[PDB]
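File shown: entry14.cif. Contents: mmCIF, C-alpha atoms and all ligand atoms.
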data_protein
loop_
_atom_site.label_atom_id
_atom_site.label_comp_id
_atom_site.auth_asym_id
_atom_site.auth_seq_id
_atom_site.Cartn_x
_atom_site.Cartn_y
_atom_site.Cartn_z
CA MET A 1 0.00 0.00 0.00
CA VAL A 2 1.24 3.52 -0.99
CA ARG A 3 -0.69 6.63 0.30
CA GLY A 4 -4.14 4.94 0.29
CA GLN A 5 -3.52 3.32 -3.14
CA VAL A 6 -2.77 -0.37 -3.90
CA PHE A 7 0.65 -0.95 -5.55
CA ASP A 8 0.57 -4.71 -6.21
CA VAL A 9 4.06 -5.21 -7.69
CA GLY A 10 5.69 -7.81 -5.37
CA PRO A 11 7.34 -10.21 -4.57
CA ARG A 12 10.14 -9.12 -6.98
CA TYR A 13 9.69 -5.38 -6.13
CA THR A 14 9.74 -4.25 -2.48
CA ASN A 15 10.61 -1.25 -0.22
CA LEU A 16 8.34 1.22 -2.04
CA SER A 17 8.75 4.99 -1.64
CA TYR A 18 6.41 7.64 -3.17
CA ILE A 19 7.91 9.90 -5.88
CA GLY A 20 4.91 11.82 -7.30
CA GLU A 21 1.62 11.57 -9.20
CA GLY A 22 -0.23 12.72 -12.32
CA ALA A 23 -3.81 12.85 -13.66
CA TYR A 24 -4.01 9.05 -14.16
CA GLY A 25 -0.82 7.70 -12.55
CA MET A 26 1.52 7.46 -9.53
CA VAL A 27 5.30 6.97 -9.54
CA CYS A 28 7.18 5.18 -6.70
CA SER A 29 10.76 3.97 -6.41
CA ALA A 30 11.15 0.30 -5.35
CA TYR A 31 13.90 -2.27 -4.80
CA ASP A 32 14.26 -4.86 -7.56
CA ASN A 33 15.26 -8.08 -5.74
CA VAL A 34 16.40 -9.77 -9.01
CA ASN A 35 18.68 -6.94 -10.36
CA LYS A 36 19.72 -5.75 -6.83
CA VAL A 37 19.00 -2.03 -7.65
CA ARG A 38 16.24 0.52 -6.86
CA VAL A 39 13.96 1.03 -9.94
CA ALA A 40 11.11 3.47 -10.79
CA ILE A 41 7.58 1.99 -11.02
CA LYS A 42 4.74 3.93 -12.54
CA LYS A 43 1.18 2.73 -11.75
CA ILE A 44 -1.10 3.99 -14.56
CA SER A 45 -4.90 3.78 -14.55
CA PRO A 46 -6.01 5.11 -17.98
CA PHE A 47 -8.90 2.80 -19.04
CA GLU A 48 -11.80 5.26 -18.39
CA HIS A 49 -10.48 7.92 -20.84
CA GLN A 50 -9.74 7.78 -24.58
CA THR A 51 -6.82 10.28 -24.40
CA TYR A 52 -5.11 8.50 -21.44
CA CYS A 53 -5.42 5.14 -23.25
CA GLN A 54 -3.72 6.71 -26.35
CA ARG A 55 -0.92 8.19 -24.18
CA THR A 56 -0.44 4.78 -22.49
CA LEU A 57 -0.35 2.75 -25.72
CA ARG A 58 2.03 5.31 -27.38
CA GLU A 59 4.46 5.33 -24.46
CA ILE A 60 4.47 1.49 -24.17
CA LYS A 61 4.79 0.76 -27.96
CA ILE A 62 7.42 3.45 -28.51
CA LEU A 63 9.58 2.79 -25.43
CA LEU A 64 9.58 -1.01 -25.91
CA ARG A 65 10.87 -0.48 -29.51
CA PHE A 66 13.46 2.24 -28.73
CA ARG A 67 16.90 1.32 -27.32
CA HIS A 68 19.22 4.30 -26.69
CA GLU A 69 21.35 5.50 -23.71
CA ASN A 70 19.61 8.92 -23.72
CA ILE A 71 16.03 7.56 -23.75
CA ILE A 72 14.33 5.93 -20.74
CA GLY A 73 13.48 2.29 -21.46
CA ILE A 74 10.86 -0.13 -20.10
CA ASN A 75 12.37 -3.01 -18.04
CA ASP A 76 9.15 -4.79 -17.04
CA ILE A 77 5.36 -4.41 -17.19
CA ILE A 78 2.97 -5.77 -14.53
CA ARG A 79 -0.80 -6.19 -15.06
CA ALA A 80 -3.60 -8.71 -14.28
CA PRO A 81 -3.78 -12.09 -16.22
CA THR A 82 -7.22 -11.24 -17.78
CA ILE A 83 -8.49 -8.09 -19.61
CA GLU A 84 -11.58 -7.69 -17.30
CA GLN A 85 -9.35 -7.72 -14.15
CA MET A 86 -6.79 -5.25 -15.67
CA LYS A 87 -7.54 -1.84 -14.05
CA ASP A 88 -3.93 -0.64 -13.76
CA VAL A 89 -0.64 -1.21 -15.57
CA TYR A 90 2.72 -0.93 -13.72
CA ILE A 91 5.62 0.23 -15.88
CA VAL A 92 9.06 -0.59 -14.41
CA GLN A 93 11.93 1.62 -15.55
CA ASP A 94 15.48 2.69 -14.60
CA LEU A 95 15.40 4.90 -11.48
CA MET A 96 16.88 8.34 -12.11
CA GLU A 97 18.13 10.66 -9.31
CA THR A 98 16.49 13.92 -10.49
CA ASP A 99 15.14 15.86 -13.49
CA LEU A 100 16.31 19.06 -15.24
CA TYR A 101 13.33 21.07 -13.79
CA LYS A 102 14.52 20.34 -10.18
CA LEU A 103 18.17 20.84 -11.11
CA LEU A 104 17.49 24.31 -12.62
CA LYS A 105 15.51 25.36 -9.49
CA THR A 106 18.53 24.58 -7.26
CA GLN A 107 21.86 24.77 -9.17
CA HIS A 108 24.05 27.03 -11.24
CA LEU A 109 25.06 24.89 -14.24
CA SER A 110 28.70 25.29 -15.44
CA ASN A 111 29.22 25.90 -19.21
CA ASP A 112 30.61 22.31 -19.40
CA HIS A 113 27.40 20.83 -17.82
CA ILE A 114 25.07 22.96 -20.06
CA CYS A 115 27.08 21.83 -23.13
CA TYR A 116 27.00 18.17 -22.02
CA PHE A 117 23.23 18.17 -21.16
CA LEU A 118 22.42 19.85 -24.53
CA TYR A 119 24.61 17.25 -26.30
CA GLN A 120 22.73 14.31 -24.64
CA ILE A 121 19.29 15.87 -25.39
CA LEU A 122 20.27 16.18 -29.09
CA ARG A 123 21.90 12.72 -29.16
CA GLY A 124 18.63 11.12 -27.93
CA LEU A 125 16.61 13.47 -30.23
CA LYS A 126 18.66 12.27 -33.25
CA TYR A 127 17.51 8.71 -32.52
CA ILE A 128 13.85 9.68 -31.97
CA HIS A 129 13.71 11.75 -35.19
CA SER A 130 15.55 8.96 -37.16
CA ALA A 131 12.63 6.66 -36.10
CA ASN A 132 10.27 9.25 -37.74
CA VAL A 133 8.88 10.11 -34.30
CA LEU A 134 8.09 13.56 -32.78
CA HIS A 135 8.30 13.73 -28.92
CA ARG A 136 6.09 16.89 -28.93
CA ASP A 137 6.44 17.56 -25.17
CA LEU A 138 10.13 18.27 -24.49
CA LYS A 139 10.62 20.27 -21.31
CA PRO A 140 13.01 20.20 -18.29
CA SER A 141 10.73 17.93 -16.18
CA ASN A 142 10.86 15.28 -19.02
CA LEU A 143 14.71 15.20 -18.89
CA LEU A 144 15.87 12.75 -16.23
CA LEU A 145 19.39 12.93 -14.74
CA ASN A 146 21.50 10.48 -12.70
CA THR A 147 24.40 11.12 -10.26
CA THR A 148 27.06 10.98 -13.08
CA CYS A 149 25.30 13.70 -15.25
CA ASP A 150 23.80 11.03 -17.62
CA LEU A 151 20.56 12.30 -19.21
CA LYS A 152 17.49 10.33 -20.41
CA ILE A 153 14.44 11.71 -22.24
CA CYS A 154 11.18 10.35 -20.78
CA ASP A 155 7.33 10.61 -21.15
CA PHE A 156 6.41 9.72 -24.73
CA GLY A 157 2.65 10.04 -24.01
CA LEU A 158 2.22 12.83 -26.61
CA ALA A 159 4.68 11.34 -29.15
CA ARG A 160 3.50 10.84 -32.75
CA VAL A 161 4.83 9.56 -36.07
CA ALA A 162 6.07 12.60 -38.09
CA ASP A 163 3.64 13.58 -40.86
CA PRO A 164 4.95 16.46 -43.06
CA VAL A 165 -1.18 20.10 -20.75
CA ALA A 166 0.71 21.61 -17.74
CA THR A 167 2.80 24.10 -19.81
CA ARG A 168 2.93 25.77 -23.22
CA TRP A 169 6.23 27.63 -22.44
CA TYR A 170 8.11 25.19 -24.80
CA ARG A 171 5.66 25.14 -27.74
CA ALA A 172 6.89 26.35 -31.17
CA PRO A 173 5.16 29.51 -32.57
CA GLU A 174 3.80 27.65 -35.67
CA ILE A 175 1.61 25.42 -33.35
CA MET A 176 -0.46 28.52 -32.55
CA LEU A 177 -0.27 30.14 -36.03
CA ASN A 178 -1.16 27.02 -38.13
CA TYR A 179 3.83 19.99 -37.79
CA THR A 180 7.45 18.86 -38.35
CA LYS A 181 10.48 17.61 -36.31
CA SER A 182 11.20 21.39 -36.10
CA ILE A 183 8.71 21.62 -33.16
CA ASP A 184 11.05 19.48 -31.01
CA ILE A 185 14.12 21.63 -31.94
CA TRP A 186 12.20 24.74 -30.72
CA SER A 187 11.49 23.05 -27.32
CA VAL A 188 15.27 22.14 -27.09
CA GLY A 189 16.12 25.82 -27.82
CA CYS A 190 13.79 26.88 -24.92
CA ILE A 191 15.56 24.35 -22.63
CA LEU A 192 19.04 25.64 -23.62
CA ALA A 193 17.92 29.25 -22.89
CA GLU A 194 16.56 28.05 -19.51
CA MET A 195 19.89 26.29 -18.66
CA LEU A 196 21.79 29.56 -19.39
CA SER A 197 19.86 31.78 -16.93
CA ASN A 198 17.85 29.37 -14.60
CA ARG A 199 14.55 30.83 -15.87
CA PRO A 200 12.03 30.01 -18.69
CA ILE A 201 12.73 32.23 -21.69
CA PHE A 202 9.05 32.62 -22.83
CA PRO A 203 6.84 32.25 -19.65
CA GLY A 204 3.41 33.06 -21.17
CA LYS A 205 0.54 33.65 -18.65
CA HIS A 206 -2.28 32.91 -21.19
CA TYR A 207 -2.69 31.52 -24.76
CA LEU A 208 -1.94 34.71 -26.85
CA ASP A 209 0.61 35.90 -24.23
CA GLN A 210 2.90 32.99 -25.29
CA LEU A 211 3.37 34.49 -28.79
CA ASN A 212 3.89 38.01 -27.31
CA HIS A 213 6.82 36.70 -25.18
CA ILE A 214 8.29 35.04 -28.32
CA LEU A 215 8.01 38.21 -30.48
CA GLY A 216 9.14 40.40 -27.54
CA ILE A 217 12.59 38.70 -27.82
CA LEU A 218 12.80 37.56 -31.50
CA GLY A 219 11.32 40.81 -32.77
CA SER A 220 8.52 41.17 -35.34
CA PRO A 221 8.71 38.55 -38.15
CA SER A 222 10.32 39.54 -41.50
CA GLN A 223 8.27 39.73 -44.75
CA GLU A 224 9.48 36.20 -45.69
CA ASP A 225 8.50 34.92 -42.17
CA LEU A 226 5.00 36.48 -42.63
CA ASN A 227 4.59 35.09 -46.24
CA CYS A 228 4.98 31.59 -44.76
CA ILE A 229 1.92 32.14 -42.45
CA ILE A 230 -0.72 30.73 -44.86
CA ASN A 231 -3.72 31.16 -42.44
CA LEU A 232 -5.51 34.50 -43.27
CA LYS A 233 -6.58 35.37 -39.70
CA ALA A 234 -3.21 34.33 -38.17
CA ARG A 235 -1.31 36.56 -40.68
CA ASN A 236 -3.70 39.51 -39.98
CA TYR A 237 -3.20 38.91 -36.23
CA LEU A 238 0.65 38.99 -36.65
CA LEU A 239 0.44 42.17 -38.78
CA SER A 240 -1.87 43.85 -36.15
CA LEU A 241 0.58 43.37 -33.23
CA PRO A 242 2.87 46.27 -32.18
CA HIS A 243 6.32 46.30 -33.82
CA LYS A 244 9.13 44.72 -31.83
CA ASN A 245 12.87 44.88 -32.38
CA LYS A 246 14.96 41.73 -31.84
CA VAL A 247 16.60 41.61 -28.41
CA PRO A 248 20.32 40.62 -28.98
CA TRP A 249 21.05 37.25 -27.28
CA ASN A 250 24.16 38.69 -25.47
CA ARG A 251 21.95 41.37 -23.78
CA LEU A 252 19.68 38.63 -22.40
CA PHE A 253 22.59 36.28 -21.68
CA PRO A 254 25.74 38.44 -21.01
CA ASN A 255 27.60 35.55 -19.31
CA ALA A 256 26.85 32.81 -21.89
CA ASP A 257 29.34 31.24 -24.33
CA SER A 258 28.98 33.07 -27.70
CA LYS A 259 28.94 29.64 -29.47
CA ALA A 260 25.96 28.55 -27.27
CA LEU A 261 24.12 31.80 -28.26
CA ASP A 262 24.83 31.16 -31.97
CA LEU A 263 23.29 27.64 -31.66
CA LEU A 264 20.43 29.07 -29.52
CA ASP A 265 19.67 31.56 -32.34
CA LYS A 266 19.41 28.74 -34.93
CA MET A 267 17.15 26.58 -32.71
CA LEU A 268 14.85 29.50 -31.86
CA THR A 269 14.23 30.54 -35.51
CA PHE A 270 10.62 31.79 -35.97
CA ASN A 271 10.27 30.07 -39.41
CA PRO A 272 10.30 26.23 -38.94
CA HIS A 273 11.65 25.72 -42.50
CA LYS A 274 14.81 27.69 -41.52
CA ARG A 275 15.22 26.13 -38.02
CA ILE A 276 18.32 23.98 -37.49
CA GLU A 277 17.93 20.16 -37.83
CA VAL A 278 19.13 17.70 -35.17
CA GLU A 279 22.25 16.46 -37.14
CA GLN A 280 23.21 20.04 -38.01
CA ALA A 281 22.80 21.07 -34.30
CA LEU A 282 25.05 18.15 -33.13
CA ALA A 283 27.78 19.28 -35.62
CA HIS A 284 27.58 22.95 -34.37
CA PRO A 285 30.90 24.35 -32.91
CA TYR A 286 29.29 24.75 -29.46
CA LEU A 287 29.13 20.94 -29.14
CA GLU A 288 32.58 20.16 -30.62
CA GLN A 289 34.04 18.62 -27.38
CA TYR A 290 31.28 15.89 -27.34
CA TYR A 291 30.27 15.53 -31.05
CA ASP A 292 31.11 11.99 -32.17
CA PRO A 293 28.82 10.85 -35.06
CA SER A 294 30.19 7.28 -34.99
CA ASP A 295 28.77 7.16 -31.38
CA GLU A 296 25.33 8.77 -32.17
CA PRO A 297 23.12 5.86 -33.28
CA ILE A 298 19.91 5.93 -35.35
CA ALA A 299 16.81 3.68 -35.11
CA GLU A 300 17.05 0.29 -36.88
CA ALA A 301 13.50 0.79 -38.26
CA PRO A 302 11.25 3.91 -38.73
CA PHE A 303 8.29 3.61 -36.29
CA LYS A 304 4.68 2.98 -37.43
CA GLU A 305 -4.66 5.32 -36.62
CA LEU A 306 -4.94 5.78 -32.78
CA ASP A 307 -6.67 9.23 -32.52
CA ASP A 308 -9.98 7.64 -33.78
CA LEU A 309 -9.94 4.18 -32.03
CA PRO A 310 -12.29 3.93 -28.98
CA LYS A 311 -10.87 3.51 -25.41
CA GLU A 312 -12.18 -0.14 -25.30
CA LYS A 313 -10.08 -1.12 -28.37
CA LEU A 314 -7.04 0.80 -27.02
CA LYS A 315 -7.30 -1.30 -23.77
CA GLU A 316 -7.19 -4.48 -25.94
CA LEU A 317 -4.07 -3.12 -27.70
CA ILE A 318 -2.47 -2.30 -24.29
CA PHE A 319 -3.31 -5.86 -23.07
CA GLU A 320 -1.77 -7.40 -26.29
CA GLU A 321 1.38 -5.16 -26.07
CA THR A 322 2.08 -6.18 -22.42
CA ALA A 323 1.41 -9.96 -22.86
CA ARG A 324 5.09 -10.93 -23.36
CA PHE A 325 5.91 -9.75 -19.75
CA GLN A 326 3.30 -12.10 -18.14
CA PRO A 327 4.25 -15.48 -16.51
CA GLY A 328 3.69 -18.78 -18.38
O1 LIG A 401 7.58 8.69 -16.83
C1 LIG A 401 8.05 9.27 -15.85
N1 LIG A 401 7.63 10.52 -15.53
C2 LIG A 401 6.57 11.26 -16.21
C3 LIG A 401 6.99 12.73 -16.25
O2 LIG A 401 5.98 13.48 -16.91
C4 LIG A 401 5.33 10.99 -15.38
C5 LIG A 401 4.25 10.33 -15.94
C6 LIG A 401 3.14 10.02 -15.15
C7 LIG A 401 3.14 10.31 -13.78
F1 LIG A 401 2.07 10.00 -13.02
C8 LIG A 401 4.24 10.95 -13.22
CL1 LIG A 401 4.27 11.36 -11.52
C9 LIG A 401 5.34 11.26 -14.01
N2 LIG A 401 9.01 8.71 -15.07
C10 LIG A 401 9.44 7.31 -15.32
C11 LIG A 401 10.93 7.06 -15.18
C12 LIG A 401 11.46 7.77 -13.96
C13 LIG A 401 12.69 7.34 -13.45
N3 LIG A 401 13.21 7.97 -12.40
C14 LIG A 401 12.58 9.02 -11.87
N4 LIG A 401 13.16 9.61 -10.77
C15 LIG A 401 12.66 10.85 -10.16
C16 LIG A 401 13.38 10.99 -8.80
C17 LIG A 401 12.98 12.33 -8.18
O3 LIG A 401 13.31 13.38 -9.11
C18 LIG A 401 12.62 13.36 -10.37
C19 LIG A 401 12.96 12.04 -11.10
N5 LIG A 401 11.42 9.45 -12.33
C20 LIG A 401 10.84 8.87 -13.38
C21 LIG A 401 9.52 9.42 -13.86
#

Would you write the structure of this file as structure tokens?
Ligand SMILES: O=C(N[C@H](CO)c1ccc(F)c(Cl)c1)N1CCc2cnc(NC3CCOCC3)nc2C1
Amino acid sequence: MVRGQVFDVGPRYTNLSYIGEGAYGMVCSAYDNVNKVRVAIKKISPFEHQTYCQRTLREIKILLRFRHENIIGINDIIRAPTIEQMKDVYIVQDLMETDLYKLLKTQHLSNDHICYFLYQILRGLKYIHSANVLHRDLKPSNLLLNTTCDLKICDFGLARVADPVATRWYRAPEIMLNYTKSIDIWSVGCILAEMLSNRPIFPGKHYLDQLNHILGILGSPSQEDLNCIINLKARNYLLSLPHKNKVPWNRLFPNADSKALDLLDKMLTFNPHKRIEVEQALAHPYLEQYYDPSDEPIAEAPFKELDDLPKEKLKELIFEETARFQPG
């Protein structure tokens, strides 16, 4: 029992300790008696909502297929032996010490640590994008860190196959104005800016405020930037806004490495067609001390209908996907 909730994971997993909770789940750390290490166990109860069932199936299917040092994996999955009895699914994963959200609230990151965290985010992102997948929800709380500065990207609930919410501070401007892999690069740019000054770069208070924070730093879009906004009302809205001059990156970040600001500028490009791509970002001079393309793997197979399936069919798909972890 954990805080009035049943966590039926044993006998392999013992000594449970509460970590946190979400809308349809609870995370605990536990001791794995087979591997002799503490693990993270997420109890998820999504079967009453369509959206939660989609998030659950996406995370399970994607994470079981992915295998990369900078992406959290799934070690084990616990659920009931019959569909009717299955109310919750327990997802067992590597236990991480902290996340980038917590780290940025408490520590001053050295230029070497910022460089190394950005490198690992992009290294994992290279793999995700080579699988034709968009994470779509990159933010500091989804970047797990261990004692040795190793980083893993987690929470693939909103991930989707490329076809070209607690915070919107990391969402690309085209999401409002209109998506490509370029939406993840924007979120990485926001994270880099946050690592440089320990504060979110575009902390919008409401929906339209998010774009105002973006334009307040980037400046008003150029004529070419505007021409690429196809939607009539969104272009008229952009034209109606007061004029803004670009804030130079070194005024906002006077202590940052000029090479980090050059990369930041390319990731936080208003026009997604002109935004830097993951392989180009890895090869940027800011990351030269870690860049090693022979040690930056790609997915063996591109990843491959859910947004219209009912919750009852998604539960069957979740049951089928988890079957190989059940006893004989
Ligand atoms: O999938 C998640 N988290 C996502 C974040 O949105 C999530 C989803 C549903 C939820 F219901 C909650 Cl609550 C959290 N994981 C699994 C893997 C793991 C491994 N280790 C640590 N360790 C903690 C130690 C304390 O600092 C933070 C990391 N956490 C985690 C969280």

Two-atom distance - atom CA of residue A:233, atom CA of residue A:217 (Å): 22.8 Å

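In this model, the gap between atom CA of residue A:39 and atom CA of residue A:65 comes to 19.9 Å.
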
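Residues within 6 Å of residue A:42, counting all atoms listed in the file and excluding same-chain residues fewer than 5 positions away, are residues 26, 27, 90 and 91 of chain A.
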
May I have the protein, DNA and RNA residues with any atom at most 12 Å from the point (-0.8, 37.6, -35.4), counting all atoms listed in the file, written as an MDAnalysis selection string? chainID A and resid 173:174 176:178 208:212 214:215 220:221 225:226 229:243

For atom CA of residue A:284 and atom CA of residue A:262, determine how far apart the two atoms are, in Å to one decimal place.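 Straight-line distance from atom CA of residue A:284 to atom CA of residue A:262 works out to 9.0 Å.
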
Local residues around (18.0, 17.2, -14.1), at most 9 Å away, using all atoms listed in the file, as a ChimeraX atom specification: /A:97-104,117,140-146,149,151

Find the residue from A:36, A:43, A:274, A:199 that sits nearest to ligand LIG 401 (chain A); use all atoms listed in the file when measuring. A:43

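Taking only C-alpha atoms into account, residue A:287 lies nearest to A:121 out of the set A:175, A:121, A:165, A:63.
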
Point out the residue among A:41, A:196, A:154, A:172 with the least atom-to-atom distance to residue A:270, counting all atoms listed in the file.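 Comparing A:41, A:196, A:154, A:172 against residue A:270, the winner is A:172.
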
What's the 9 Å shell around residue A:186, counting all atoms listed in the file, without same-chain residues fewer than 2 positions away, as a PDB file with C-alpha atoms, keeping the file's coordinate frame?
ATOM      1  CA  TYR A 170       8.110  25.190 -24.800  1.00  0.00           C
ATOM      2  CA  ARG A 171       5.660  25.140 -27.740  1.00  0.00           C
ATOM      3  CA  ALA A 172       6.890  26.350 -31.170  1.00  0.00           C
ATOM      4  CA  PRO A 173       5.160  29.510 -32.570  1.00  0.00           C
ATOM      5  CA  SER A 182      11.200  21.390 -36.100  1.00  0.00           C
ATOM      6  CA  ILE A 183       8.710  21.620 -33.160  1.00  0.00           C
ATOM      7  CA  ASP A 184      11.050  19.480 -31.010  1.00  0.00           C
ATOM      8  CA  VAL A 188      15.270  22.140 -27.090  1.00  0.00           C
ATOM      9  CA  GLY A 189      16.120  25.820 -27.820  1.00  0.00           C
ATOM     10  CA  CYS A 190      13.790  26.880 -24.920  1.00  0.00           C
ATOM     11  CA  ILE A 191      15.560  24.350 -22.630  1.00  0.00           C
ATOM     12  CA  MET A 267      17.150  26.580 -32.710  1.00  0.00           C
ATOM     13  CA  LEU A 268      14.850  29.500 -31.860  1.00  0.00           C
ATOM     14  CA  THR A 269      14.230  30.540 -35.510  1.00  0.00           C
ATOM     15  CA  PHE A 270      10.620  31.790 -35.970  1.00  0.00           C
ATOM     16  CA  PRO A 272      10.300  26.230 -38.940  1.00  0.00           C
ATOM     17  CA  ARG A 275      15.220  26.130 -38.020  1.00  0.00           C
TER      18      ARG A 275
END

Need the shell around residue A:125: protein/DNA/RNA residues with any atom at most 10 Å away, counting all atoms listed in the file. Skip same-chain ones fewer than 2 positions apart. Format as a PDB file with C-alpha atoms, keeping the file's coordinate frame?
ATOM      1  CA  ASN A  70      19.610   8.920 -23.720  1.00  0.00           C
ATOM      2  CA  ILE A  71      16.030   7.560 -23.750  1.00  0.00           C
ATOM      3  CA  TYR A 119      24.610  17.250 -26.300  1.00  0.00           C
ATOM      4  CA  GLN A 120      22.730  14.310 -24.640  1.00  0.00           C
ATOM      5  CA  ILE A 121      19.290  15.870 -25.390  1.00  0.00           C
ATOM      6  CA  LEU A 122      20.270  16.180 -29.090  1.00  0.00           C
ATOM      7  CA  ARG A 123      21.900  12.720 -29.160  1.00  0.00           C
ATOM      8  CA  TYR A 127      17.510   8.710 -32.520  1.00  0.00           C
ATOM      9  CA  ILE A 128      13.850   9.680 -31.970  1.00  0.00           C
ATOM     10  CA  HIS A 129      13.710  11.750 -35.190  1.00  0.00           C
ATOM     11  CA  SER A 130      15.550   8.960 -37.160  1.00  0.00           C
ATOM     12  CA  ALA A 131      12.630   6.660 -36.100  1.00  0.00           C
ATOM     13  CA  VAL A 133       8.880  10.110 -34.300  1.00  0.00           C
ATOM     14  CA  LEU A 134       8.090  13.560 -32.780  1.00  0.00           C
ATOM     15  CA  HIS A 135       8.300  13.730 -28.920  1.00  0.00           C
ATOM     16  CA  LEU A 138      10.130  18.270 -24.490  1.00  0.00           C
ATOM     17  CA  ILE A 153      14.440  11.710 -22.240  1.00  0.00           C
ATOM     18  CA  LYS A 181      10.480  17.610 -36.310  1.00  0.00           C
ATOM     19  CA  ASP A 184      11.050  19.480 -31.010  1.00  0.00           C
ATOM     20  CA  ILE A 185      14.120  21.630 -31.940  1.00  0.00           C
ATOM     21  CA  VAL A 188      15.270  22.140 -27.090  1.00  0.00           C
ATOM     22  CA  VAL A 278      19.130  17.700 -35.170  1.00  0.00           C
ATOM     23  CA  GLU A 279      22.250  16.460 -37.140  1.00  0.00           C
ATOM     24  CA  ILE A 298      19.910   5.930 -35.350  1.00  0.00           C
TER      25      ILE A 298
END

Starting from the incomplete input, reconstruct N, CA, C and O atoms of stretch 39-51 of chain A and write that as a PDB file, in the frame of the given file.
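File result36.pdb, as written:
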ATOM      1  N   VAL A  39      14.562   0.758  -8.628  1.00  0.00           N
ATOM      2  CA  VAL A  39      13.960   1.030  -9.940  1.00  0.00           C
ATOM      3  C   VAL A  39      12.823   2.045  -9.729  1.00  0.00           C
ATOM      4  O   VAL A  39      12.423   2.290  -8.585  1.00  0.00           O
ATOM      5  N   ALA A  40      12.297   2.613 -10.822  1.00  0.00           N
ATOM      6  CA  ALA A  40      11.110   3.470 -10.790  1.00  0.00           C
ATOM      7  C   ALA A  40       9.943   2.615 -11.303  1.00  0.00           C
ATOM      8  O   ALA A  40      10.095   1.865 -12.276  1.00  0.00           O
ATOM      9  N   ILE A  41       8.795   2.718 -10.652  1.00  0.00           N
ATOM     10  CA  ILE A  41       7.580   1.990 -11.020  1.00  0.00           C
ATOM     11  C   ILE A  41       6.463   2.986 -11.097  1.00  0.00           C
ATOM     12  O   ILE A  41       6.136   3.665 -10.108  1.00  0.00           O
ATOM     13  N   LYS A  42       5.850   3.042 -12.276  1.00  0.00           N
ATOM     14  CA  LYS A  42       4.740   3.930 -12.540  1.00  0.00           C
ATOM     15  C   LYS A  42       3.438   3.123 -12.642  1.00  0.00           C
ATOM     16  O   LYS A  42       3.303   2.278 -13.527  1.00  0.00           O
ATOM     17  N   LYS A  43       2.503   3.352 -11.716  1.00  0.00           N
ATOM     18  CA  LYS A  43       1.180   2.730 -11.750  1.00  0.00           C
ATOM     19  C   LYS A  43       0.314   3.640 -12.630  1.00  0.00           C
ATOM     20  O   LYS A  43       0.142   4.804 -12.282  1.00  0.00           O
ATOM     21  N   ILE A  44      -0.227   3.144 -13.742  1.00  0.00           N
ATOM     22  CA  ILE A  44      -1.100   3.990 -14.560  1.00  0.00           C
ATOM     23  C   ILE A  44      -2.498   3.368 -14.641  1.00  0.00           C
ATOM     24  O   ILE A  44      -2.643   2.152 -14.775  1.00  0.00           O
ATOM     25  N   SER A  45      -3.513   4.211 -14.537  1.00  0.00           N
ATOM     26  CA  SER A  45      -4.900   3.780 -14.550  1.00  0.00           C
ATOM     27  C   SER A  45      -5.608   4.611 -15.622  1.00  0.00           C
ATOM     28  O   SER A  45      -6.230   5.621 -15.299  1.00  0.00           O
ATOM     29  N   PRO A  46      -5.493   4.233 -16.921  1.00  0.00           N
ATOM     30  CA  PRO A  46      -6.010   5.110 -17.980  1.00  0.00           C
ATOM     31  C   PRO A  46      -7.330   4.706 -18.654  1.00  0.00           C
ATOM     32  O   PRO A  46      -7.846   5.462 -19.483  1.00  0.00           O
ATOM     33  N   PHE A  47      -7.830   3.504 -18.341  1.00  0.00           N
ATOM     34  CA  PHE A  47      -8.900   2.800 -19.040  1.00  0.00           C
ATOM     35  C   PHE A  47     -10.300   3.447 -19.036  1.00  0.00           C
ATOM     36  O   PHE A  47     -11.179   2.945 -19.733  1.00  0.00           O
ATOM     37  N   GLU A  48     -10.493   4.586 -18.366  1.00  0.00           N
ATOM     38  CA  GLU A  48     -11.800   5.260 -18.390  1.00  0.00           C
ATOM     39  C   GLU A  48     -11.788   6.439 -19.382  1.00  0.00           C
ATOM     40  O   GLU A  48     -12.842   7.008 -19.669  1.00  0.00           O
ATOM     41  N   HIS A  49     -10.593   6.799 -19.914  1.00  0.00           N
ATOM     42  CA  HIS A  49     -10.480   7.920 -20.840  1.00  0.00           C
ATOM     43  C   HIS A  49      -9.741   7.563 -22.105  1.00  0.00           C
ATOM     44  O   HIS A  49      -8.680   6.923 -22.055  1.00  0.00           O
ATOM     45  N   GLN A  50     -10.298   7.999 -23.243  1.00  0.00           N
ATOM     46  CA  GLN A  50      -9.740   7.780 -24.580  1.00  0.00           C
ATOM     47  C   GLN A  50      -8.318   8.323 -24.701  1.00  0.00           C
ATOM     48  O   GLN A  50      -7.440   7.592 -25.136  1.00  0.00           O
ATOM     49  N   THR A  51      -8.103   9.584 -24.314  1.00  0.00           N
ATOM     50  CA  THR A  51      -6.820  10.280 -24.400  1.00  0.00           C
ATOM     51  C   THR A  51      -5.722   9.586 -23.589  1.00  0.00           C
ATOM     52  O   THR A  51      -4.624   9.397 -24.099  1.00  0.00           O
TER      53      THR A  51
END
